Every structure is written in C-alpha cells, then in structure tokens.
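Sequence lines set the chain letters: A, B, ... in the order given, protein chains first and strands last, and positions in each chain run from 1.
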Amino acid sequence: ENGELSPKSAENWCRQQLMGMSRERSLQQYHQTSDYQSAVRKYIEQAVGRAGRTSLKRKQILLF
Amino acid sequence: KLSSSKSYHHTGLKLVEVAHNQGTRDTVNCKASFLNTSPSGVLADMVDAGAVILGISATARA
Amino acid sequence: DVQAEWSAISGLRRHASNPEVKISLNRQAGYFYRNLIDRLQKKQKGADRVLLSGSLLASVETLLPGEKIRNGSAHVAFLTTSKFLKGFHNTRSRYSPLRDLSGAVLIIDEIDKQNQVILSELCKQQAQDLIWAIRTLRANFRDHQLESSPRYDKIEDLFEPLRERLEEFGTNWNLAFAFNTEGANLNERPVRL
Amino acid sequence: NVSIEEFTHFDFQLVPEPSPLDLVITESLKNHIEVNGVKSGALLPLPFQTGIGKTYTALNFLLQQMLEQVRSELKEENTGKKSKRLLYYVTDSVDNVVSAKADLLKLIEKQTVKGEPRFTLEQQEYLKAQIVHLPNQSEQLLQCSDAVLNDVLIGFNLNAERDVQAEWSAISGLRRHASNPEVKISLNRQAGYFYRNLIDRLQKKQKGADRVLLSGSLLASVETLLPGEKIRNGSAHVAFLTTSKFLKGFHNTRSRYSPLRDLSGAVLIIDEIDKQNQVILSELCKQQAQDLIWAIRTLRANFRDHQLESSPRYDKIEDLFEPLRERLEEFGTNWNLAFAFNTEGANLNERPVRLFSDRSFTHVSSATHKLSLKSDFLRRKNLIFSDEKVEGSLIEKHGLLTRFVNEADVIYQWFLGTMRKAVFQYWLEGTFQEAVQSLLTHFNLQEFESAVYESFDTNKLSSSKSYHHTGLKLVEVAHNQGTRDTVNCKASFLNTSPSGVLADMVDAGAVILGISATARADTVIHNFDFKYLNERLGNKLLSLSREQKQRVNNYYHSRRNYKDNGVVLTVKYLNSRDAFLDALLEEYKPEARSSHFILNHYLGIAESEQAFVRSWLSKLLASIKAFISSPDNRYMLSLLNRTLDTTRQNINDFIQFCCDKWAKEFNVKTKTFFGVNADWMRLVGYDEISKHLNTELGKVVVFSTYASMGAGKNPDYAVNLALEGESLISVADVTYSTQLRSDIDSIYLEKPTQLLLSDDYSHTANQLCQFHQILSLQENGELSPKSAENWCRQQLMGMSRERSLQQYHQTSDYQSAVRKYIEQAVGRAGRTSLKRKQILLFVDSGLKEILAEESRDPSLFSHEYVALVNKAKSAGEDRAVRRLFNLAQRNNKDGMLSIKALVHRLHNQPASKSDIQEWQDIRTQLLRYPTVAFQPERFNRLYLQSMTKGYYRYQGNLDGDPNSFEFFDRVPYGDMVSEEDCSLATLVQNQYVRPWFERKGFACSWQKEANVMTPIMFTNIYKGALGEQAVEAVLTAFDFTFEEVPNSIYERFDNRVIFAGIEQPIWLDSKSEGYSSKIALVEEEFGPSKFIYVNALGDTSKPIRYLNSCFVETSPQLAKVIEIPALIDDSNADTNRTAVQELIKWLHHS
Amino acid sequence: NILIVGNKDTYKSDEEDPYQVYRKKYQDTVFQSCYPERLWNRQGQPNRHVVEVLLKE
DNA sequence: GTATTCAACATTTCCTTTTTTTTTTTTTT
DNA sequence: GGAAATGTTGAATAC
DNA sequence: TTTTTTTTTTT
Ligand SMILES: [Mg+2]
C-alpha cells in the first residue's frame, strides 16, 4: 500500500508466507525496503533519547 | 468500488482455512479470520468521529 | 456461590506471597469480577433499581471506577490502549469509548508504538466458519421478519437487499447441500486461501 | 509385569467356605439364568444388615466375578471372541468408593483358604491391576506426580505450548504448599480445568493420523493419568466410582466413555441402593434449561431444505427425519413462526407466567387468566394476550398458549429422539460422536450439540403409560434479556424418573446388585418406586425367597445372639416433662423470676418457639438423665434434627449445666460432645470420641443429627478391658480376628422432621424436584388426583416450606419414610459383636403411633428395630384400599382428559393416520377385553382395579370436573359399570350380531376380573363401539357394504355405507343445528348424500321418522335423513326387519 | 356493593380512587369496602370473620 | 440532660392451631 | 377502606 | 538466508 514493494514482490512474499516461511527469509524480504532503514533509525533514535534524561552531563559522552 | 476511495487501510485482509469439520470425515468448514481495517484506519476513524488526539513521541513521524 | 467465591478469593488474598498463588488469585479475581458485574447489571437493568447514595455509592464507585464517569462525577481517565479498545464497565453495561468519541480529547503517549498494540488487538478476533454463517443467515432470513411498529421504522428496508442477495447466493451455490472435498487428501494438508 | 498365565495351575474350584449371604446371592443369580436367560439383565435388591458382613459379601462376590473372567479367558483364549466383562462398584460418596477399593485390595492380599493363602504374589499383582478407581478430574490430576504428567506432556509434545506449560507451572507451584484451604479450592478448580483442556488435547492428537503410539513408560504414565484408558485397552475391567461419575462417564485417550450406553453384560454392585434415587434425581435436575421458541424456529428454518449426502453411510436416516420435517412445517404454518412472540396487555414485568404440566393431565398455570395466542398480521407479532379469566375456573376452555408450549415441547423431544435413532442407524460408541457431528453439520444444527450430548443417555393410550417413563415440564414465559418486545419460553424438563433410569439399566442388560438394609422401603420420596419396577421388569426384578430369608435370618441370629448371651434391649417413649424442665431452668438461674423468663432471656427463645423447644428439650434431657443414672452404660448418641453447634450456644450451656449436675449426683464423669456435624467430623475426626472411650473413665454423650450420621461412618471404638468393667459380652457364636471393639449402647431418637426432599442449593431454584414429589405420589396413589393437582397449583403459586410438609404428612408414604429413618438410625449403630448387658433406647413419643404400624415381614429386621416396634405396639386404616380409590380416580381422569384431546385432534381436519389408528386400537381393545385378569401392560389406563370383580359403582359428572369422581362403596347409590348396564346380553342374543362377535373375537360377556374399564371408557367408547358393531353386523347381512369414512370429516359419521345398485353416496351415524352443520359440512365436499341416524337398541314398534336437511319432518321422497329409532328389539333381540325393509324401500326411491 | 379497593393513601388523587368516586357517583346506594389482604389468615386460608363483619356492616 | 398530659394509629379478636419447626452432597463447567 | 374496644407511641405542653 | 525481547485484557 505504501509503495515500498512492487505488486510482484508483494504477491511473491504473500505466496511464500502462505506456504510456510522461515523468519530469516521473511526478514530478508523486509531488508530490501527503505521502510526497514527508517525502522532501524527509529530504533536508534529512541535508544539515545531514553538515555538523555537529565541535565547533568560529563565533559565527554562516548557513543560506540 | 472503483468509484470510491480504495485503500488497504480500510479494506483489510481475509485468511480462509478449508478443512474437515471436527469429528466428521465427510464435511468441510471454511474457517475465516479477518482484518477489517488496519491500525491507521482505526486512528483515522477516531479523528473522523470527532476526537482530538494528541500523539506524543520522539519518533511520532517516523 | 457469591459468598463461597468471594470468601475463597479473600482467603487466597490473605497471604498471596507466592507467584503461582498470585497467578491463581488473578484468574479467580477476574472471573469473579465478571460474574459480580454481570449480576449487579442485571438488578440495575430491571425495575428493582437499587438507589446508590452515600457510603454505598462510594463503594460502587470504588469497585466500578467507570461508574464515576457515567454519573458525571469524574471525567478524566487513565487507562491502557488495550483497555481503551475493550472498554470499561459501569453499573448499567460496558461503555466503549470508541462509540462515543465526539468531543473527546485523547492524549496518547508513545503514539507510534500504539500501531502495533492496536494491531495485536485486531488480530485476536475469533475466526468464523463461513459455510455455517451463510447457511444460518440464508435459513433465518427466508421468512423471519420484525414487528412493524414505530420503533422499527425503516429497518426492514435496510435488510431487504441482503435477503435478496442471500436467496440468490443460496440458489447459485446450492446451499441445501453441505460441502466436502473430493480426491486429493485434504487430511494430508488443508487448503488455505 | 504379570500375565494371565500365572493362574494356569490355580484351582478355580477351591473357594472359601461361603456364608449364607454368599449362597443367597449365588442361588438367586443361578435361578435368574434359568428363568430369564443368559443375556438378560436383572435387579437383585439385597436387604443386608450393615455390620454383619455386608461389605465383605459384596467384595467377595466381586472377586469371584474377577476370577470367573480369568478362567473364561484362559479356557476360551483360542476362540478370540474376547469379552472383557465390566464390573462396577458405585455408591454415592467418594470416601465409600475409596474405602471399598482399599478393602478389595486388602481382601486380595490377605484372603486364605484352608489356612493357606488364596493367591501367590504374582496372582495378587495381576488381580490388583485389574481394578481401577475413577475420581473427579481435579482429584485425578492432583494424584499424578510431576514425573508422570511431564512424561505425558513430553510424549504428546504439549510441553512446547506456552499456555499449557504456564498453567501446569502455576498448578505445580500451588501444589507445593496447598496446605491452606482456600488454596485447596483454587487448586481444585484450576486442576479440573487444566485436566479438561489437556485431555482434549490428547484426544484430538489421537483421533487423527498423528496418533502417538503408546507403549512402555508413556503408556504407564497415560494409564496413570487416564485410568479409563486401562478399561479401553482391556487391561482393567473393574471400576470403582461414584454414582455421579457413573452417570457422567470417564475419559480415555480416544473419547469420553459413558457406561450407560454400554451396559450389556455388565455387573453393577450399587451400595446404598435406595439413596441413589435422589442422587440420580439431583443429576437429572441439573439439565440446562432451553428456549422452546428459539429451538422450534431454528429447527423449522434449518429443516426446510438442508439434507444429507445420500451415500451408503446415510441409509434410511433421511426417512427418520421425514415426519419431523412435515410436522415442523405444519407447526410453523399454524402458529405463524415467521413472527416473534410478545406479551400484550397485562403486565408481565410484575410477574412472569409459569405453566406446569405433567405431559398427560393435572395442568396448572400460574396465570389467573386464560392466556391465549393471537397472530396480528397488521403488525408482525404473535401476541400472548390476557383474557380476564379468573384463577378459580381452571377447568374452562383450553387456551392457546398452553397448546403451543405443549406442541413445541413434543416437537423438541421428537427431534432429540430422532437424533438418537439416527445415531444408532448410522452405526459401538466411538461412532457416536462422529455420527452426532456429521448429522448436525449436514442439517446446519450445530447449536444443538450440547443438547443431544446431554440428553442422549436419558399414540399413548395404546402404550404403557407412566410418569417414570414420561416425566414433567415447567415453562416460564418472560421477556427476553435486554429486550422489552420479545418473549422466550425457557423450559426445564425431566424426561424420566430415577426409577425409569434404573429400569432402563436393567433392560439394557445390566445385572444390578443393590445392597442396602432398607432397599425395599415403601416410599417413593425416599426410594425407587418398586411398584413400577415390578410392573416394568417383571421377573427380571429378582427377589430372595422365604427359605432364603429364613436362612439369612438364622445367620444374622448366629452372629447377634442376644438372647442366649443375656443382652437386654430396654425401650422408653418420652413425652414432654414440663415440670422437670422448669425445675432444671430454675436451678440454672437461681435468682431469676420465672422459668418462662429464663427460657426467653437466658436461652434466647422467641415466644413462638417456646412450646416447641420445651417439647424437644424436655425429652432430650429426660433421656440424658436416664442415661447418666444408669450404672454401666458408657456411650450415648442423641439424634436430633437440628445441630447443637455454636449457633445455639445458649442451649448448650443449659444442657451442659444439667449434664454436670447429674454427673455430680450419680457420681460418674460424663464428657459431652456438642455439634457433631459433617464439618466437625471432617475437621475433628470421629476417633476423638473413640480415643476418649479407649483411654478415659466415665460416660460420653454425643449430640448429632440423622443427616450427620450418614452411611459409611463407623462409630465403633477399640475396647480397653480395664475401663469396661464386666459389662461387655460376645454375642457371636464363633469369633475370629479378635481386635476387641464395641459400639453404642444408648440412643435418643427424635421424630424426624423435614422429610420432603429439598436441597436448597442453587439448582433447586426452579422447584422441579418439588413437583416430582407430588407427581410421584399421584403415580403411587398416595394422593388423590384432586390433592395432587391442588398441591401442584400451590407449588406454582409459591408455597411455604411448612405447608408442603403438611401436605406430605397425610400420606402413608410419609410414615413409611419416618420408619425408614428410624430403621436406618438404629441399624448403623450396631456394627460389632461385643455388646453391653443392657441397651437403652429412648424414643420421642411422637414416634410411638408411627412405629406401632410397622407391619411388614420381620425376617430381616435388626434386633433394635424389632424391639422398638414391639414396644410401640404393646400399648395398642388400610393403605392399599386408599390406593385403590385414588388410582381409580387417576385412571379415570387420565382417560377422561386423553380422550378429549384425541377427539379434538380428530375433529381438527385432516385427521392424522396415527390418531385414527389409536382410536380404532382403543375401541378394539375395549371390545375384545372389557375386563382383564392381570394388570395390562400396553393399555393400562383404559382400566381400573375394582374392589369387586367385574363391576363397580361410581358417581361423577362425565362432562364435569374429573376431580370430583368417587367410586367403590364410598358411593352406595350411583351409576354402575357392569355387563348388564351396557345391554351386552341383549345384543349378543341377536342371531345376526352373535356370529359377528364370535368371528371378530369380541367378548360376548364380561369375565369376572379385578381390572374393569374406567367410567369414561364405558360411557363414551364401549357403548358406542357396541352400537356400531351391532349395526354393521345386522346391515352387512342385508347386502350393505361398509367402507371407511375418509379423513376430511372422520369421526363425524361412523361409516360410509354402499348398497348394491344404488349410487347415491350414503352415510351412517349410530348411537339439531349441530347435526345440520355436519350435514352442510359433508354435503359441501361430497354433494347431495343420504345420512342415516340409527340406534341399535330400543323399542322397534315406534315408527321411523323422516327429516330434511334442516332436521324438520317431511315426506319420504323429500327427506335427506332417515332416523331409525331401534334396529334391534330390546326385549328379545329380534331384527327389526320392517324398519330395514322400509329403509331399503326409501333407498330404491332415490 | 362491596368494593375491594386498594389502600387509600397509595392513590394520589381522589378521582383516581374508586372509593370517593362511586361514593359520590351513586349517592343513594349502600356501599362497603375492603382491602384484598384483609381476607387471608397468616396461613392464607379465607378469613370467615371478615366476611361476617362485612355482611353485618 | 426534664415530667405530665393527651390525641392518633396499632392490635387482637372474632361460630376458638398459621403449620411445621434441617442438615447434607459429586461432578463438569 | 372489617368492626369495636382497648392501648401505646410520639408530640405538644409545660409547669 | 538472518541470527529476539517484550506486552494487555477478557475469557
Ligand atoms: Mg365502616
């Protein structure tokens, strides 16, 4: 619906889902979208947001 | 329905499983489970019903 | 039965230190709360209306926090998304916030997370056998009709197209007969559409 | 692991030396094979005294049946036709089941023959493996260790599932510290639910192709979790379970197995058989109520076009449902089931409407009005509207609402019966579930699954009619939940009584061995109806004979030889002792003013209860004083009706004060025991009294009730000879297994009070089993039909519990129940063979007259009951006669109301073929057998048993109220039913009639028998049939041809007559505006016709009368009806040849 | 005429009460009234003394 | 935390009992 | 509005 | 191929 998948890819993925599908293969299908990258950045953006909850900071904050 | 606004978010999906009925070996049922709308459809329905929704999140527009 | 169940719950609650005791107490409390609200909604539905006032009124408002909202005494609610979608009880019935959203202000914390929560609630509906459903609809709509009184105005007109569709569907697909598979082993693998 | 080859060298002909009880059972079952055949079921009631070897006899019989199976399987293994014959031991209480199983295992382990062990260790291990115990599912789960059920979960791969392991972990965690009670109820509930779900999972795992192969350790763990699996495998064939479990059935891996559906060849030992009547009744009362309007609408809608596969597996099943479809279509057309139903007018919200009906007669409606049923086509509604009828005129015109409800009930029960027949046609019990599912799914009736499952285990004048085979129905008509414009008729049924269930078990092939001391008490409230069982089973109801009873009496005397050893039974009847109680009360509170005030204030007795308390307290205290003042009695047991627990503490203190006063006066310390409850005995074991009598010196008073001291509780104690003095003696001629024990030696017996069954539980809110009592009394004849119907009415209108008791008190069933209580009380207190030299029995004086009338055969009474009866009698109205009067009225009113319905159905065109057949069957039966020698089976309610053979006088308006019929010599002057009064002798003297009667087999005279036709039959059917047959007999020999009147206007005229050479259609009526209406009705369908009105008997000299269509006299050529006044001369039975010749002369002028 | 009427206070207005209506309507007619609870004993049987009292009044 | 007088509705009887007067259980859901 | 005849509570008085 | 841990509510 969003336009992230062509109808060809969407129908192939639906067919493979109906016939049983490994999570690793569904996840591989998902990784080809840009929606996946937006979700990755959403996960990262919240991780550093939840850890920045006060106004007392070190002289140096390390992000690895 | 081509004369209307078509979207997955307010048509949803249907999954039908055709199997023999419980205890019988000569009768089949069509057990269907539905999604009649997506969560976006539900949220838009709340807004159209007149609710003022204040959605707060650091990633609200991801 | 009410006294027996409540006394059993109270005795279980008396220590409730063990986690499995807590699980059992949770399930028992849920079922008993359902039964008790079912009953008091019965007595409040009929003419035997118990007049709530003072200490008893406060007791009900503590047992049924949604009763304060019905009474107009409270108008701010803190609840989860799942509870919001399922609704909450008062002394009359279950109140669904979704059916009465006009004028409501709704603050949703972590809004984008609620997409997945709402989806999980929508996934949990009960499946239904379409053959049985259509056969019951076709069988009952064939001749059953409603009262034809002023409280039923323009309602049979809503159902008239559906009755015609049901009869034509049952004729085309021969719903006098039941359905079965032939040939390939259905028990080997069922068909999914 | 043991095998059946261990018994290869076992001597099956060596048995322990049998007691007379064993011999009696064996002889009765031998004779049963001779009389009824091998495959026949049987019912053998055994009135064995408990405490003289009852349980040993039952378990020894059970063990012999176990060894017979082993011998049969060793001998006939080559045949291959394996029949693992099932043996059941059922009783109502869980503890008795467990105790009996433990005693059977002990008997296997410790039995010896000729001083040598009966069985080797391997033989013992084999037999003990054949025995299984089937508790409720919660207790079944909590018995199994974590190892067993973890093995089961692993083997069936349910351990991977989240919810299964979550619930099992919760249950285990509770199980570690389940010492707390509330923990125990919670654990029981969750254990039951979890067992249900888990067994469902193995059942669906096993039905399919993914069947887990069970062997070895997994098989053992499954058999431990599901003991019913051992029965399915054939590894076990003896089951110990309760009556409730027996009725509900038990699971195996494949399905739920119901013992009721597979009773062929089973042997079923039922302990405390007469208690099982009300247990079965309580199981039947718990059926789910269901809505008749919804049920009939669903049945009508789905049977309209849905049909089955037309495959070989559905042969002849569609034909079973074919009549029901036609009936459903006709019913829905007549009552307009396209519309819903509602109440119009009178407020249903202030009170719903209650309708009571036994499905035969005695209909009662809570509405004062005549609730009728009207279809309004302007709206679309069926309206239950209230004509303003008064409750007093309940014998008015039959309204429509009752007719609708009765027909809907008939159709619903017809659907359930047809489901049973179709399940049997589809197929021996694994097919049952599949058959039900396939049939309900083809018809789209899956909503009736629970109803069919629940009900599966449980033309009428021509049938053996009885309440026990029919039951009752109570329907409440109220607004639907959540709506105020639609009404439902929720109905609760009993389709059979417990006597019907027991007779069904015997008919199915079960040999039932009912053991109880009062197994044949003459009450139907507190016992099975053995009058009905004897009618239905015949000689499959076994009875031990007079010689066998004498042998049992001699055996019981040899074990309880009171007389040769010096034991004396002393009986006193105590009335009120007002002065004695007043002196005691004024001693209790010395400075108070008056004893009435002491009773009111310090004891807490209201002004209403003062007289009753003064009555029952004085007797109790007088008995206690006489117990204490006795020299060497050591153990009293009061049996009151109320418990003396902490709710009556003010009386316990006074009783304690008196006991201490008398203990000081007579110098013996007495330890009371108040409030011996069911709860007290569960919490504080009864061995506290036993230990006290074992260790302490002095007397003991025990306060209890009849209800508390039920079956299975043993009040005997272990004897310490240092404390007993020399007052104990052994009354048994030969004593073995010494273990000195003794029992009670004083007893107070209060008059048992609340004798109508009333459980007061939740499921008793519908009062169904309170109507079962009135209707069971009316079946017996204990009530007149008038009294039973009035009591049914007052029970509908809401009846005080006090007033139901008063209605019960005036039956003799009541007094038999009282004596059944007293006989069971003293019977349970006599369980050893060490006795005092004196035994005191103190009795309420209200029990004196009731015990004075015990007149049955004393051959099997206990010694204490004989003593009570003899003492009662020494200070000194038939029941069968009153039964005869009542049953005369009941058989009358039954036929009176059933003929009216049949005629009303015949006058409803078209007349159904079954109705015509039943009408002809009734008339043929009455013509052939006006009187019958024995009580008939198939036509039992055309007749009544008369006190005089061949005739009886009766008074009653045949078209008035059927409650006001009287009968035999209560009416000296009235009408009379006899051979003379029907003029059969004059009829049979005629030379044309008599060959016809002798050819047809009709009776030319009445046999002088006890069973004669009821007055309704004589007046309304027998005389009409005689007239019709006489007219047909004469006219057929004068060249008339007779053929049947067709269904359009059947029963309006007796016969169409056709003469040779005349083609005008002729009609016959044999015995004015109504007759003209019939004239118009017939001529509307068949054009111009001739109608004949003729009387068979009368004065032949009176002239023939010719009338027109309007029944006005006219010329013969213009007449449409001929009225022949007398066809046969009443004085000498010659044919009225002139009249017939004139008739045929008219017919030639047509 | 005996008019089995309801309790007098439970009728909110005079004209609603059958009593005080037929009393003023039939001005020349003998009247007597009763409540329908006042003919049962405590066990519910008909109370004969009440009907003698009504007849003599 | 008063005492005394007094007006308004209850109660019992009536061609005479209101009537009898309790505790107890298994199983599935 | 069962009746009459007896009887008690509550209320106003109230000295 | 990618590579997990979380949750609410009625039944
Ligand atoms: Mg007056």
(request) Establish whether the base of G:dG1 is bridged to the side chain of E:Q20 by a donor-acceptor pair shorter than 3.5 Å. (result) yes
(request) Could you tell me whether the side chain of E:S13 and the main chain of E:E16 form a donor-acceptor pair under 3.5 Å? (result) no
(message) Considering every strand and a 4.0 Å limit on heavy-atom distances, what is the contact class for D:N641: base, sugar-phosphate, or nothing?
(response) sugar-phosphate
(message) Once you apply a heavy-atom cut-off of 4.0 Å, does D:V279 come out as touching a base, just sugar-phosphate, or nothing?
(response) nothing
(request) State whether the number of non-hydrogen atoms from other residues, nucleotides or ligands found under 6.0 Å of E:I4 atom CD1 is greater than 12. (result) no
(request) Give the B/S/- string for nucleotides 2-11 of chain H, one per nucleotide from 5' to 3', where a protein heavy atom under 4.0 Å of the base yields B, of only the sugar-phosphate yields S, and otherwise -. (result) BSB---BBSB
(request) Scan side-chain atoms only and decide if D:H809 and D:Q815 contain a donor-acceptor pair under the 3.5 Å cut-off. (result) no
(request) Keeping the roles fixed (side chain from A:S26, backbone from A:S22), state whether a donor-acceptor pair exists under 3.5 Å. (result) yes
(request) Hey, which sits more toward the 5' end of DNA chain F by its nearest nucleotide, D:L756 or D:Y761? (result) D:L756
(message) Need one value for D:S138: base, sugar-phosphate or nothing, where a base atom within 4.0 Å counts as base even if backbone is also close, heavy atoms only.
(response) nothing
(message) Looking at the base of G:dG2, is there any donor atom on it, or on the side chain of E:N47, that sits under 3.5 Å from an acceptor on the other one?
(response) no
(message) Distance check, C1' atoms only: F:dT18 and G:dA3, in whole angstrom units.
(response) 22 Å
(message) Counting Watson-Crick and G-U wobble pairs with both distances under 3.5 Å, what is the dot-bracket string for DNA chain F, 5' to 3', using [ ] for crossing pairs and | for pairs to another strand?
(response) .||||..|.||||................
(request) Hey, which sits more toward the 5' end of DNA chain F by its nearest nucleotide, D:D759 or D:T753? (result) D:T753
(message) Would you say the rings of D:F240 and D:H133 are close, in the sense that their centroids are separated by under 6.0 Å?
(response) no
(message) For F:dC14, does the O4'-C1'-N9-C4 or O4'-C1'-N1-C2 angle fall within 90° of 0, making it syn, or is it anti?
(response) anti
(request) Identify whether a stacking contact exists between E:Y19 and G:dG1, where the ring centres must be under 5.5 Å apart and the planes under 30° apart. (result) yes
(request) For D:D760, answer base if it contacts any base atom (sugar-phosphate contacts may also be present), sugar-phosphate if it contacts only those atoms, and nothing otherwise; contact means non-hydrogen atoms under 4.0 Å. (result) base
(message) Treating D:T811 as the side-chain partner and D:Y808 as the backbone partner, does any N or O pair qualify as donor plus acceptor under 3.5 Å?
(response) yes
(request) Kindly compute the distance separating CZ (D:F674) from OG (D:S638), expressed to the nearest 0.5 Å. (result) 9.0 Å
(message) Output the rounded distance in Å from CZ (E:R23) to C1' (G:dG1).
(response) 8 Å
(request) Nearest whole angstrom, please: distance from the P of G:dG2 to the CH2 of E:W40. (result) 15 Å
(request) Could you check whether D:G710 gets within reach of a base, just the sugar-phosphate, or nothing at all, counting any heavy atom under 4.0 Å? (result) nothing
(message) Do the six-membered rings of F:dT22 and F:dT23 lie with centres under 5.5 Å apart and planes under 30° from parallel?
(response) yes
(message) Suppose you measure atom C1' in F:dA8 against the same atom in G:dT6; what distance do you get, rounded to whole Å?
(response) 14 Å
(message) Within 90° of 0 counts as syn, otherwise anti: where does H:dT8 fall?
(response) anti
(request) Using the P atoms only, state how far F:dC9 lies from G:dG2, rounded to an integer number of Å. (result) 15 Å
(request) Indicate, with yes or no, if the rings of D:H526 and D:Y821 have centres closer together than 6.0 Å. (result) yes
(message) Any donor-acceptor pair under 3.5 Å linking the side-chain atoms of E:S33 with those of E:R23?
(response) yes
(message) Positive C1'-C2'-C3'-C4' counts as north, negative as south. Which one applies to H:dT7?
(response) north
(request) Would you indicate what D:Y706 reaches in the nucleic acid, counting non-hydrogen atoms under 4.0 angstrom: base, sugar-phosphate, or nothing? (result) nothing
(message) Using atom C1' in both nucleotides, what's the gap between F:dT29 and F:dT23 to the nearest angstrom?
(response) 26 Å
(request) Please work out if D:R648 contacts a base, only the sugar-phosphate, or nothing of the nucleic acid, heavy-atom cut-off 4.0 Å. (result) sugar-phosphate
(request) Taking all non-hydrogen atoms of both residues into account, name the closest pair between E:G6 and E:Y35 and its distance. (result) O-CE2, 3.2 Å
(request) Write down the distance separating the P atoms in F:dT16 and G:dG1, rounded off to the nearest Å. (result) 23 Å
(request) Tell me yes or no: between the side chains of D:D92 and D:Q276, is some donor less than 3.5 Å from an acceptor? (result) yes
